[PDB]
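Structure, as structure tokens:
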Amino acid sequence: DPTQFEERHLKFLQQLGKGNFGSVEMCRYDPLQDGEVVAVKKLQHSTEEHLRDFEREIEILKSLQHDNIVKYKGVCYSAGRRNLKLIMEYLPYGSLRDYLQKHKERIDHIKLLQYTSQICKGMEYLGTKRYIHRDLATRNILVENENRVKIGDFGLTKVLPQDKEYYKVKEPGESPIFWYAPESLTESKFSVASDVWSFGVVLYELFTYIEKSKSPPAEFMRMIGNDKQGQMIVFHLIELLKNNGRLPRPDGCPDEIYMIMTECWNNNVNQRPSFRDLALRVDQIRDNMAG
Ligand SMILES: CCS(=O)(=O)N1CC(CC#N)(n2cc(-c3nc(Nc4ccc(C5CCN(C)CC5)cc4)nc4[nH]ccc34)cn2)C1
């Protein structure tokens, strides 16, 4: 509905996030001019290809309704109905990556496992639509309140072809290589199982509390050698992963939780756990610490 969010009533307030190809702004929608705060995603450095990808992303988000997925509100066909902007609920505590850093002193293991469980259920839901997220990372998780997080961005999400259980990317632009499964690096293959690999990296991130020098890029670069540049980095990352190099157990991380991470990081795609497996395992851990 192009009349739902009219550009003349959508007022900019603050910048919330920004990257090479997109940004999110805090805006106020006041049709009666005298209104709700919303989050608005727009492209940056747009092209016809990027705009078509953005249309697919909007359709993906519109099709999702789940407690742990940020809520679609609509679209603004701005610039006289010659451009597109995506309208979403505003989540007041921002990205989980920043929230964990700001509030680590009140976030214990059982809280981390609540966030883990919630991310997992969002991903179970995504898989029922045959969507592959391809960019799971704490920077793409948003915090609604102390007890609720949601997957907040779907800019790299792809729909599986009807007769295959993987999506093969041809020319990969934005590639978060230090979250990628080995078969994504070596064969450009993305699947539910590669999302599970990346979820293991998210779980690692959580239990580092986003401490300085413990991020996946920083750790993998320290193991590879900080002087390496360009494709050499990739070559070494592939060799490292294929022969069982892995992110370390974070300081203070229980062995049981590191074991979850390492089971997600199986080079054998079919042996990785399912998101249903993981959600039940994590919720049983929480419940057996204390319900
Ligand atoms: C393609 C690149 S992108 O730019 O498009 N990309 C998407 C991207 C990553 C993800 N997911 N993102 C999304 C949002 C976003 N934020 C919010 N609320 C918010 C509230 C408060 C603060 C403050 C800032 C200052 N201080 C640190 C404390 C928190 C920030 C945000 N609500 C939202 N609803 C939907 C989206 C969204 C933000 N970043 C980044």
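Give me a count of the residues in the stretch 1-28 that are of a type in the set (D, E, K, R) and closer than 15 Å to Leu84 by Cβ.
The number of residues fulfilling the criteria is 4.
Would you confirm whether any residue within the stretch 220-234 is part of a loop (DSSP other than H, G, I, E, B), of a type outside the set (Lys, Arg) and crowded, with 18+ Cβ neighbours inside 10 Å?
No: zero hits.
Could you give me the residue pairs with C-beta distances under 9 Å whose first residue belongs to the stretch 266-279 and is in the same structural domain as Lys189 (by TED's automatic domain parsing), whose second residue is among the basic types (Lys, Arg) wherever it lies, and which are 6+ apart or on separate chains?
Between residues of the stretch 266-279 that are in the same structural domain as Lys189 (by TED's automatic domain parsing) and residues that are among the basic types (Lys, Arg), the close pairs are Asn266/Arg272; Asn267/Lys242; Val269/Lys189; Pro273/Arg281; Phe275/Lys121; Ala279/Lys121.
For the list (1) under 26 Å from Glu239 (Cβ atoms); (2) more than 13 Å from the chain's Cα centre (by Cα); (3) of a type in the set (D, E, K, R), I need the number of the one condition that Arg134 fails.
Every condition holds for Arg134 apart from (2).
Tell me which strands (runs of 3 or more DSSP E) are completely within the stretch 74-166 and hold 3 or more residues being within 12 Å of the ligand (Cβ to nearest atom) and hydrophobic (A, V, I, L, M, F, W, C), or say none if there are none.
85-89, 141-145
Please indicate, with yes or no, whether at least one residue in the stretch 189-204 is not basic (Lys, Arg) and not in a helix (DSSP H, G or I).
Within the stretch 189-204, one or more residues are not basic (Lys, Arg) and not in a helix (DSSP H, G or I).
Within the stretch 232-275, how many residues turn out to be over 16 Å from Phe178 (Cβ atoms), out of contact with any helix residue (DSSP H, G or I) (no Cβ under 9 Å at 6 or more places or on another chain) and among the hydrophobic types (A, V, I, L, M, F, W, C)?
1
Within the stretch 1-40, can you find the residues that are within 11 Å of the ligand (Cβ to nearest atom) and assigned to a loop (DSSP other than H, G, I, E, B)?
The answer is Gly19, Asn20, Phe21.
How many residues does the stretch 167-216 hold that are of a type in the set (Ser, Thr, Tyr) and under 20 Å from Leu278 (Cβ atoms)?
Summing the residues that are of a type in the set (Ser, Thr, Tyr) and under 20 Å from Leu278 (Cβ atoms) in the stretch 167-216 gives 7.
Taking the conditions exactly as written (assigned to a helix (DSSP H, G or I) and touching a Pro at 6+ places or on another chain (Cβ under 8 Å)), does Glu263 satisfy them or not?
Yes: the conditions hold for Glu263.
Is it the case that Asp287 is over 21 Å from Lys104 (Cα atoms), outside any helix (DSSP H, G or I) and out of contact with any helix residue (DSSP H, G or I) (no Cβ under 9 Å at 6 or more places or on another chain)?
no
Numbers and lists here come from the model and the stated rules, or from a named source; no laboratory read-out is quoted. We place every Cβ from the backbone using ideal geometry, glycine too, and count neighbours over all the protein chains shown.
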